[PDB]
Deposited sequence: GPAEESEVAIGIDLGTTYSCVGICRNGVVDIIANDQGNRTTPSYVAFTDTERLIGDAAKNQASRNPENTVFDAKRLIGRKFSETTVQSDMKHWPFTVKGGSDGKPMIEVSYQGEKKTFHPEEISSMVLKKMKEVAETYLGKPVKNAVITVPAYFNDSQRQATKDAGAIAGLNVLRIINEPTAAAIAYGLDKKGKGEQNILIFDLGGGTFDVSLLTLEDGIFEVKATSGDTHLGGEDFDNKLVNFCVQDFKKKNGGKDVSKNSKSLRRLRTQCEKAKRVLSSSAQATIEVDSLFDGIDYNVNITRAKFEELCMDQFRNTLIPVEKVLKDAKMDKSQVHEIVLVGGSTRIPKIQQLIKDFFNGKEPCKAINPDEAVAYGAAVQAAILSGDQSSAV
């Protein structure tokens, strides 16, 4: 009878439950309200979530992420050829044309389909809910991007079945976000979703409790990781100017340790004017330290931030509607916490305040949890 909503994110996943028309987003074992979509294999164990992400730089070959970029795709697809330059783990095509992710686990070569890796993240999110509820969970609504095709949706559903979930429904991420905010006649809703890996803009219409996706645009390779990379590239150049041209970029472990700290500084800069990036013994036993102002971060990311408005203009053009006709702008995704992004969007919409009351990296799971409760016969929301 217990049903949960799950955001299966490219970078971070999130689980919620709606009971008595109230939605709890469930914290994991480390107290985090979102969980990295990471799976690692070591000599002794299978790590999922925070524990997998935290040892990525010590075990790059056997730490799997971005399975969402492979799920329901043929290995020969041009998106896979393009994306695989980003992965330190091995991916090969099977005789059925399906990607096979190859790792070493307890001294043995093992291969997994993308939906098997995604099943392990879903199983972790199921266990997070079960620990909180102190009861087994069987039923779930799982979200997917609006642009997901029938193969990607069915592979996501299969991941749920492998994780031990009865998948009540697959619903669109942008629709889930709109459902979270309870969005009176006809309403034009823009979902601006900027996560860790991807940027999705969706224009929805809502007449008589019925959502339709009118238009979608974005960039499958713009997200928080790209802003982290802007800080990494700066720090690499800054280290050169401090340490007689020495090049941190030659050491992939040095880059990963630097990237981890750039991501932390980026988060601090969403609520402070300044942050420190610090890595003890970064490269050649040399300590690295630098102070980054919010202004410098904004400068490094200036083009990427401003270009987020281009897909906004494109969905409005495709829907043949003026920005003045948008009733709600919903901020979704962890990167929408960046003040400069919030200011650019507000200014574009002529000072209209976006809907951002729900922690933006939780809104999709929140909506999924509402839909899961409704489809279980609970009319309280």
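No alpha-carbon coordinates exist for the deposited sequence positions 1-6, 190-192, 194, 392-393, given here in order along the chain.
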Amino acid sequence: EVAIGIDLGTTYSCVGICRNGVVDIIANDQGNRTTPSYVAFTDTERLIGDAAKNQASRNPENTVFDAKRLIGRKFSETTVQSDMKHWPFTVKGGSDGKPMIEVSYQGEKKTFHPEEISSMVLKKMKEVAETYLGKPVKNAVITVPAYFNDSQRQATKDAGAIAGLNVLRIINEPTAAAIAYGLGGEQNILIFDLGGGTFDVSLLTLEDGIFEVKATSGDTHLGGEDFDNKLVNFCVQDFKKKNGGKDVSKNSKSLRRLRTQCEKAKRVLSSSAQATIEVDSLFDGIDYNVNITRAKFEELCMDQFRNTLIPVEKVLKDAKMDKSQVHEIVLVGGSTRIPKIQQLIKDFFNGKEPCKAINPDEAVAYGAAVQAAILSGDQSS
From here on, numbers count along this sequence of modelled residues.
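According to the PDB record, 318-326 carries the higher mean C-alpha B-factor of the two stretches 334-342 and 318-326.
Across the two stretches, 299-307 and 237-245, the PDB entry reports the greater mean Cα temperature factor for 237-245.
Annotation for 81, 154, 106, 198: 106 ranks highest, by Cα B-factor. Highest C-alpha temperature factor among 71, 170, 128, 292, as the PDB entry reports it: 292. Ranked against the other modelled residues of its chain, the C-alpha B-factor of residue 232 as given in the entry falls in the middle third. Among the modelled residues of its chain, residue 286 has a C-alpha B-factor that falls in the highest third according to the deposited record. Sort the chain's modelled residues by C-alpha temperature factor and residue 214 lands in the middle third, per the entry. Sort the modelled residues of the chain by CA B factor and residue 66 lands in the lowest third. Among the modelled residues of its chain, residue 97 has a C-alpha B-factor that falls in the highest third according to the deposited record.
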